[PDB]
Amino acid sequence: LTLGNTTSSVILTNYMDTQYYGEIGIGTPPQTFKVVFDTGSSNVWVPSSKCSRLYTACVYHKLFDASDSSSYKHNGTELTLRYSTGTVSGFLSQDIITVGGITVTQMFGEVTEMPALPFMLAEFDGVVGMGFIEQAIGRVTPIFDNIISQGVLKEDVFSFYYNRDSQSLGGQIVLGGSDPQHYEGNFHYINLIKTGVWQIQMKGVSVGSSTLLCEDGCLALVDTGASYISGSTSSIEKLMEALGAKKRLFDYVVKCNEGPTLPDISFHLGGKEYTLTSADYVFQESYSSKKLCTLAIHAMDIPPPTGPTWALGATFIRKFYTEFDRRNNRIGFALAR
Ligand SMILES: Cc1ccc(S(=O)(=O)N[C@H]2CNC[C@@H](C(=O)NCC3c4ccccc4Oc4ccccc43)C2)cc1
Ligand SMILES: *[C@@H]1O[C@H](CO)[C@@H](O)[C@H](O)[C@H]1NC(C)=O
């Protein structure tokens, strides 16, 4: 392991408080893609020019053309990548990737099968996995491991800032450090249960003053690629009953006029309570008694080995600026500015 002095940053675009994406350049000359930086996965993928136009998601997204890149190195190995909302498949390729002004030779997936549900809803083209090699499909070296290998970064850390929707900064990723302009106070660290996954121990979930859930302890995946806070179907049913929310097909809702009256939700992580008020978890679209307002908390049954687990996504990161520490296998949280 080599350390330099360089800190690099990627400006993110906030789409509806659900999608935070930045830009990467792939190839020579660079082909630009809108990408989500996901701590819950470890593969890099973008849609391929080899994607059949009968996949409508491929008509609506930027496609990587290897035939236009002079730095491209063929691989051809087939791979399937499974997410919570859907699945993508294609093959592996190698090329130069630029992310925050850091140029790295990276093995990535060229997606040839991209389903309209959910990919037509995606403002981003692809994904940049910020997880560990242990989660990488095809044991492909992740981009952050390749960036560490260069020995340019001041520290083996990366930090996430997700803003509240607005013509301001959507968010920001710092490679090799943190940005003090985006947090206040000091970081409180929670060690990873084990290397290989950005997952920490959770000591309890409170609805108001009472610790209703996770009383005997549970898991919390700190996931930048997840839009919401998620728990198991069972945990979410208890949580929603306590809030007074109604289950719909894809989400939970409350009558808009009752959004501001909902109790605080607290997450016990390390030696601290991480509290979200209703303003932090309700999509307060109106105050009308004749309208339904969505919550930024969903049921998600994450399969083993990673799951059953809670996932602390954009809902959580908006309130708490997050530092992912590779050198010490820990996650730091500080109050976001
Ligand atoms: C079945 C299954 C459940 C859960 C998981 S997991 O371990 O929790 N994986 C997570 C890792 N972080 C991102 C999660 C996710 O899909 N977020 C949703 C987000 C996304 C992020 C990355 C890739 C694809 C992807 O699809 C869309 C499409 C439209 C809008 C938003 C997204 C899945 C894997 C597989
Ligand atoms: C594809 O890449 C892997 C490394 O990730 C390598 O071991 C393998 O030999 C490559 N295959 C081809 C056909 O180049």
# chains A, B, ... in the order shown; residues from 1 in each chain; ligands from 1
>>> residues_around(residues="stretch 202-214 of chain A", least_positions_apart="6", cutoff="6 Å", atoms="only C-alpha atoms", output="list in words")
residues 220, 263, 264, 265, 266, 267, 268 and 269 of chain A
>>> write_last_selection(atoms="N, CA, C and O atoms", output="PDB file, in the first residue's frame")
ATOM      1  N   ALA A 220     -26.598  -3.562   9.561  1.00  0.00           N
ATOM      2  CA  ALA A 220     -26.856  -2.350   8.789  1.00  0.00           C
ATOM      3  C   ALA A 220     -25.817  -2.216   7.671  1.00  0.00           C
ATOM      4  O   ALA A 220     -24.615  -2.018   7.914  1.00  0.00           O
ATOM      5  N   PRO A 263     -43.565  10.334  14.276  1.00  0.00           N
ATOM      6  CA  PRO A 263     -42.453  10.358  15.245  1.00  0.00           C
ATOM      7  C   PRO A 263     -41.077  10.251  14.609  1.00  0.00           C
ATOM      8  O   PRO A 263     -40.953   9.903  13.432  1.00  0.00           O
ATOM      9  N   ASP A 264     -40.037  10.549  15.406  1.00  0.00           N
ATOM     10  CA  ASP A 264     -38.645  10.438  14.997  1.00  0.00           C
ATOM     11  C   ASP A 264     -38.291   8.971  14.927  1.00  0.00           C
ATOM     12  O   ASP A 264     -38.849   8.166  15.675  1.00  0.00           O
ATOM     13  N   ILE A 265     -37.377   8.620  14.035  1.00  0.00           N
ATOM     14  CA  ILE A 265     -36.871   7.260  13.912  1.00  0.00           C
ATOM     15  C   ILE A 265     -35.376   7.348  14.222  1.00  0.00           C
ATOM     16  O   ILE A 265     -34.671   8.181  13.640  1.00  0.00           O
ATOM     17  N   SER A 266     -34.917   6.541  15.189  1.00  0.00           N
ATOM     18  CA  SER A 266     -33.529   6.528  15.629  1.00  0.00           C
ATOM     19  C   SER A 266     -32.875   5.216  15.333  1.00  0.00           C
ATOM     20  O   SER A 266     -33.517   4.169  15.414  1.00  0.00           O
ATOM     21  N   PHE A 267     -31.591   5.266  14.974  1.00  0.00           N
ATOM     22  CA  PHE A 267     -30.786   4.090  14.655  1.00  0.00           C
ATOM     23  C   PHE A 267     -29.599   4.082  15.586  1.00  0.00           C
ATOM     24  O   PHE A 267     -28.808   5.023  15.578  1.00  0.00           O
ATOM     25  N   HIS A 268     -29.489   3.044  16.418  1.00  0.00           N
ATOM     26  CA  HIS A 268     -28.370   2.947  17.349  1.00  0.00           C
ATOM     27  C   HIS A 268     -27.176   2.276  16.661  1.00  0.00           C
ATOM     28  O   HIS A 268     -27.202   1.072  16.426  1.00  0.00           O
ATOM     29  N   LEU A 269     -26.145   3.076  16.339  1.00  0.00           N
ATOM     30  CA  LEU A 269     -24.916   2.655  15.661  1.00  0.00           C
ATOM     31  C   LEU A 269     -23.734   3.160  16.470  1.00  0.00           C
ATOM     32  O   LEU A 269     -23.644   4.365  16.748  1.00  0.00           O
TER      33      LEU A 269
END
>>> residues_near_ligand(ligand="ligand 1", cutoff="7 Å", atoms="only C-alpha atoms and all ligand atoms", output="MDAnalysis selection string")
chainID A and resid 19 36 38:41 82:86 118:119 121:122 127 223:227 300:303 306
>>> residues_around(residues="residue A:251", least_positions_apart="4", cutoff="10 Å", atoms="only C-alpha atoms", output="CSV table (one decimal) with N, CA and C atoms, in the first residue's frame")
chain,number,residue,atom,x,y,z
A,245,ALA,N,-48.9,4.0,8.8
A,245,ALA,CA,-48.8,4.0,7.3
A,245,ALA,C,-49.4,2.8,6.6
A,246,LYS,N,-49.9,3.0,5.4
A,246,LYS,CA,-50.6,2.0,4.5
A,246,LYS,C,-49.7,1.5,3.5
A,247,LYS,N,-49.6,0.1,3.3
A,247,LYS,CA,-48.8,-0.6,2.3
A,247,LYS,C,-49.4,-0.5,1.0
A,294,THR,N,-45.5,9.6,0.0
A,294,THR,CA,-44.6,8.4,0.1
A,294,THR,C,-43.6,8.6,1.3
A,295,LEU,N,-43.1,7.5,1.8
A,295,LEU,CA,-42.0,7.5,2.8
A,295,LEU,C,-40.7,7.0,2.2
A,296,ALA,N,-39.6,7.5,2.6
A,296,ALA,CA,-38.3,7.2,2.1
A,296,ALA,C,-37.7,6.0,2.8
A,297,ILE,N,-38.6,5.0,3.3
A,297,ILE,CA,-38.3,3.8,4.0
A,297,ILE,C,-39.1,2.7,3.3
A,298,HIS,N,-38.5,1.6,2.8
A,298,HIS,CA,-39.1,0.5,2.1
A,298,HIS,C,-38.7,-0.9,2.6
A,299,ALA,N,-39.5,-1.9,2.4
A,299,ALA,CA,-39.2,-3.3,2.8
A,299,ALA,C,-38.2,-3.8,1.7
>>> residues_near_ligand(ligand="ligand 2", cutoff="12 Å", atoms="only C-alpha atoms and all ligand atoms", output="VMD selection string")
chain A and resid 43 72 to 79 91 to 95 105 to 109 133 136 to 142
>>> write_last_selection(atoms="N, CA and C atoms", output="compact mmCIF listing (two decimals), in the first residue's frame")
# COMPACT_ATOMS: atom_id res chain seq x y z
N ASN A 43 -18.83 -4.08 -8.82
CA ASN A 43 -18.57 -4.11 -10.25
C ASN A 43 -18.88 -2.77 -10.90
N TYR A 72 -8.98 0.22 -25.65
CA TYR A 72 -9.79 -0.94 -25.33
C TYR A 72 -9.01 -2.24 -25.43
N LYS A 73 -9.21 -3.11 -24.45
CA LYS A 73 -8.64 -4.46 -24.42
C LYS A 73 -9.80 -5.44 -24.21
N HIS A 74 -9.98 -6.33 -25.16
CA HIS A 74 -11.03 -7.33 -25.17
C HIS A 74 -10.86 -8.35 -24.03
N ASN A 75 -11.98 -8.82 -23.46
CA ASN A 75 -12.00 -9.89 -22.48
C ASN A 75 -13.06 -10.90 -22.90
N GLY A 76 -14.32 -10.49 -22.91
CA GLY A 76 -15.41 -11.32 -23.41
C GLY A 76 -16.09 -12.24 -22.43
N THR A 77 -15.56 -12.37 -21.20
CA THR A 77 -16.16 -13.19 -20.14
C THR A 77 -17.57 -12.68 -19.80
N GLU A 78 -18.53 -13.59 -19.79
CA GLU A 78 -19.92 -13.30 -19.48
C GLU A 78 -20.12 -13.13 -17.99
N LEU A 79 -21.00 -12.20 -17.61
CA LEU A 79 -21.31 -11.91 -16.22
C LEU A 79 -22.72 -11.41 -16.08
N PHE A 91 -20.85 -8.83 -20.78
CA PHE A 91 -19.51 -9.42 -20.82
C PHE A 91 -18.48 -8.40 -20.33
N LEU A 92 -17.31 -8.88 -19.91
CA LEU A 92 -16.23 -8.02 -19.43
C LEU A 92 -15.36 -7.44 -20.54
N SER A 93 -14.92 -6.19 -20.32
CA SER A 93 -14.03 -5.43 -21.20
C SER A 93 -13.07 -4.67 -20.34
N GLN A 94 -11.96 -4.24 -20.92
CA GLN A 94 -11.01 -3.41 -20.20
C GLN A 94 -10.76 -2.14 -21.01
N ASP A 95 -10.64 -1.02 -20.31
CA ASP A 95 -10.32 0.27 -20.91
C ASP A 95 -9.92 1.21 -19.81
N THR A 105 -6.81 2.10 -15.38
CA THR A 105 -7.11 0.99 -16.28
C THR A 105 -8.06 0.08 -15.46
N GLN A 106 -9.27 -0.13 -15.97
CA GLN A 106 -10.32 -0.86 -15.26
C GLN A 106 -11.04 -1.92 -16.09
N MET A 107 -11.33 -3.05 -15.45
CA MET A 107 -12.11 -4.13 -16.04
C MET A 107 -13.56 -3.82 -15.66
N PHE A 108 -14.43 -3.79 -16.65
CA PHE A 108 -15.81 -3.40 -16.41
C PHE A 108 -16.73 -4.24 -17.29
N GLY A 109 -17.99 -4.28 -16.94
CA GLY A 109 -18.99 -5.00 -17.72
C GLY A 109 -19.68 -4.12 -18.75
N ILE A 133 -13.59 -6.42 -3.21
CA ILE A 133 -13.37 -7.53 -4.16
C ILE A 133 -14.15 -8.83 -3.81
N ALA A 136 -17.31 -8.70 -5.59
CA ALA A 136 -17.15 -8.55 -7.04
C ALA A 136 -17.41 -9.84 -7.81
N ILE A 137 -18.35 -9.78 -8.77
CA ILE A 137 -18.74 -10.89 -9.64
C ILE A 137 -17.61 -11.08 -10.65
N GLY A 138 -17.15 -12.32 -10.78
CA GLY A 138 -16.03 -12.69 -11.64
C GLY A 138 -14.69 -12.34 -11.01
N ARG A 139 -14.69 -12.03 -9.69
CA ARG A 139 -13.51 -11.61 -8.90
C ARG A 139 -12.72 -10.48 -9.59
N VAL A 140 -13.43 -9.55 -10.23
CA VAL A 140 -12.85 -8.39 -10.93
C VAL A 140 -12.35 -7.38 -9.89
N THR A 141 -11.14 -6.85 -10.07
CA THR A 141 -10.60 -5.86 -9.15
C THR A 141 -11.49 -4.58 -9.19
N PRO A 142 -12.03 -4.12 -8.04
CA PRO A 142 -12.87 -2.92 -8.06
C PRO A 142 -12.04 -1.67 -8.30
>>> atom_distance(atom1="atom CA of residue A:102", atom2="atom CA of residue A:323")
19.3 Å
>>> atom_distance(atom1="atom CA of residue A:322", atom2="atom CA of residue A:200")
13.0 Å
>>> select_by_dssp(residues="stretch 17-200 of chain A", states="alpha helix (DSSP H)", output="ChimeraX atom specification")
/A:56-59,116-119,143-149
>>> closest_residue(among="A:49, A:273, A:96, A:176", to="residue A:188", atoms="only C-alpha atoms")
A:273
>>> residues_around(residues="residue A:113", least_positions_apart="5", cutoff="7 Å", atoms="only C-alpha atoms", output="list in words")
residues 51, 55, 88, 89 and 90 of chain A
>>> write_last_selection(atoms="N, CA and C atoms", output="PDB file, in the first residue's frame")
ATOM      1  N   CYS A  51     -25.751  -4.007 -27.171  1.00  0.00           N
ATOM      2  CA  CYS A  51     -27.079  -4.215 -26.607  1.00  0.00           C
ATOM      3  C   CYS A  51     -28.142  -4.064 -27.712  1.00  0.00           C
ATOM      4  N   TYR A  55     -34.202  -4.013 -26.395  1.00  0.00           N
ATOM      5  CA  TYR A  55     -34.081  -3.539 -25.017  1.00  0.00           C
ATOM      6  C   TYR A  55     -34.191  -2.022 -25.151  1.00  0.00           C
ATOM      7  N   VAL A  88     -28.897  -7.160 -14.718  1.00  0.00           N
ATOM      8  CA  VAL A  88     -28.231  -6.815 -15.966  1.00  0.00           C
ATOM      9  C   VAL A  88     -27.251  -7.926 -16.300  1.00  0.00           C
ATOM     10  N   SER A  89     -27.062  -8.170 -17.600  1.00  0.00           N
ATOM     11  CA  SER A  89     -26.054  -9.126 -18.054  1.00  0.00           C
ATOM     12  C   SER A  89     -25.312  -8.616 -19.280  1.00  0.00           C
ATOM     13  N   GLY A  90     -24.093  -9.105 -19.425  1.00  0.00           N
ATOM     14  CA  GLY A  90     -23.234  -8.765 -20.535  1.00  0.00           C
ATOM     15  C   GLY A  90     -21.939  -9.516 -20.454  1.00  0.00           C
TER      16      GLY A  90
END
>>> atom_distance(atom1="atom CA of residue A:111", atom2="atom CA of residue A:230")
27.1 Å
